[PDB]
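# Reading the structure
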Amino acid sequence: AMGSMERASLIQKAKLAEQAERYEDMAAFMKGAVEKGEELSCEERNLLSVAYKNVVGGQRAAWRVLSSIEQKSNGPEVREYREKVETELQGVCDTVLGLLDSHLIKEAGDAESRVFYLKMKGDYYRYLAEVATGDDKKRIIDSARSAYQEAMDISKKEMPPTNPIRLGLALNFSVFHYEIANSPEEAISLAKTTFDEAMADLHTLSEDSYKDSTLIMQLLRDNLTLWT
Amino acid sequence: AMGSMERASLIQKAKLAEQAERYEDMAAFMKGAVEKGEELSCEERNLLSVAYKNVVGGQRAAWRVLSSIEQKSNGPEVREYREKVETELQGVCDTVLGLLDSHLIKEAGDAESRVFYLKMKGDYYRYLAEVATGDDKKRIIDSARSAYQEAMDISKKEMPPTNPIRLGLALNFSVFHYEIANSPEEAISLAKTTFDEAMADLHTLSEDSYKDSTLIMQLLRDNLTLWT
Amino acid sequence: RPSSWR
Amino acid sequence: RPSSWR
Ligand SMILES: *Cc1ccc(-n2cnc(C)c2)cc1
Ligand SMILES: *Cc1ccc(-n2cnc(C)c2)cc1
Ligand SMILES: [Ca+2]
Ligand SMILES: [Ca+2]
Ligand SMILES: [Cl-]
Ligand SMILES: [Cl-]
């Protein structure tokens, strides 16, 4: 639907939509920008991620409210409406995964871009896993695991332990272990090891980079406090 | 789009959407319920109002952000995107006004229902007036004024001064005077007179009705404090 | 800035 | 309940 708008205009409008907190519009603009076929800059990758994270975040929150009501009940209305929201959520996840597969990941050669997109792929398979109950639940979980694992392997070879993308990836992979894979010990071990190696690398950072890294290390600490 | 769903199921799903904070869905469900052609109960009128107030409220907030950016600037992107949001807002207002005109208002014989719908009509013409700049701005403003005025006349004849609908109507008509009609003195006079006559009628109320009425009187007081 | 009914 | 990146 965005094929007739300039790439630069789509990016500019995505930023305007963010300021207006119009995240559906933001995601549509960034989808159009991706479909121009050019690689995304660091800033542009962040716009893509912020847009869809906010859209799917609202769907996940709604799904959890409705699923809770459905459990307390078990007419068809509660199930029907939960299924409606769930289908809309799966459609957004499929759209993001389609953008990553066609063709963001295969053209991402730099560590910062490739790890970023693989983290995204793990995240949106994780969101599919949160609502999955059928014959493909195990395959969805393993698709999340595989994407996170490849991102982990690249990040440990190619980025310092304080890199914000590396840290956010480890944070989310640890949440995957705890919430999806039923592996709380793996979740705790990953979060602690990630935090400790980041701690030991903070001395190399400027004040601004130090603030970026410690912000995400605090989220790792919050989870460890919740989990232990 | 809701023609195949039962009225009761639409109402039940509107309540579920409210709990999930899915106000677009909520409005679509209540639109479908209205289009069943039966009059709305007190609770159902509130669901209709809450749904669309939240939808248009988000559009108005976004429009104000974008309009502010547009003023500070004055490429076409900022204007184009403001126009997009503005057109979507006008479409929602037109939808609500269409439901009121076909055929909620003409079938509303009771004071509580008729005043409620006429207040709604004034509100959504007020939202159209907030973004209007063309040859029909004066007519849009007078349509808001006319709807509010008829609601006022009925409410003063048929409801006590503490009635929450009467109070909310006067609150919004006073905001119309201040923000739209450039009549701040009329706005202040209406808010003060409404507050004072409500004050004098509180002694007739139960504890629960007293809480309902004083809550809205506080909003009148907040505006008077802002305006004087 | 001023409050309408909510 | 636990925090993912935000
Ligand atoms: C997934 C993820 C993690 C971390 C960031 N981030 C935060 N601050 C910077 C410079 C990068 C983005 C996305
Ligand atoms: C416009 C409007 C004003 C007041 C109410 N309200 C608040 N509490 C009750 C029982 C009614 C609804 C809508
Ligand atoms: Ca490349
Ligand atoms: Ca009637
Ligand atoms: Cl449904
Ligand atoms: Cl646009």
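Residues numbered from 1 in each chain as written, not as in the entry; some residues may be left out. Chains lettered and ligands numbered in written order. Heavy atoms only, no water. Residues with missing side-chain atoms left out of burial classes, pairs and counts.

Its PDB header names X-ray crystallography as the technique used to obtain the model and reports a resolution of 1.7500 Å.

## Points about helix α6 (residues 137–158) of chain B
When the terminal C-alpha atoms of α6(B) are compared, their 32 Å separation across 22 residues agrees well with the 32 Å that a helix rising 1.5 Å per residue should span. Within the sequence span of α6(B), burial applies to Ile140(B), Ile141(B), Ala144(B), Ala147(B), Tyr148(B), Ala151(B), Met152(B), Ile154(B) and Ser155(B). (Helix = DSSP H or I, 4+ residues; strand = E, 2+ residues; numbered from the N terminus. Expected span 1.5 Å × (residues − 1). Buried < 20%, exposed > 50% of the residue type's maximum accessible area, 1.4 Å probe, protein only.)

## Some points on the relation of the copies chain B and chain A
Each copy superposes on the other: chain B lies on chain A with an RMSD of 0.0 Å after a rotation of 180 degrees and an axial shift of 0.0 Å. The transformation relating the two chain copies, once decomposed into turn and shift, fits a two-fold axis. Of every C-alpha in chain B, the one belonging to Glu24(B) sits nearest the axis of rotation, 6.2 Å from it. Most of the interface of chain B is mirrored in chain A: 100% of its interface residues are interface residues there too. (Least-squares fit on C-alpha atoms. Contact = heavy atoms within 4.5 Å.)

## Describing the site of ligand 1
Close to ligand 1 lie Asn46(A), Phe116(A), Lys119(A), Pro164(A), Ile165(A), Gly168(A), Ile216(A) and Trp5(D). What surrounds ligand 1 is not a single chain but chains A and D. Here ligand 1 has 350 Å² of accessible area as a free molecule, and 76% of this is covered by the chains. Considering every element that reaches the shell around ligand 1, the biggest residue donor is helix α7 (residues 164–179) of chain A, with three residues. (Near = heavy atom within 4 Å. Areas by Shrake-Rupley, 256 points an atom, 1.4 Å probe, with all protein chains shown as cover.)

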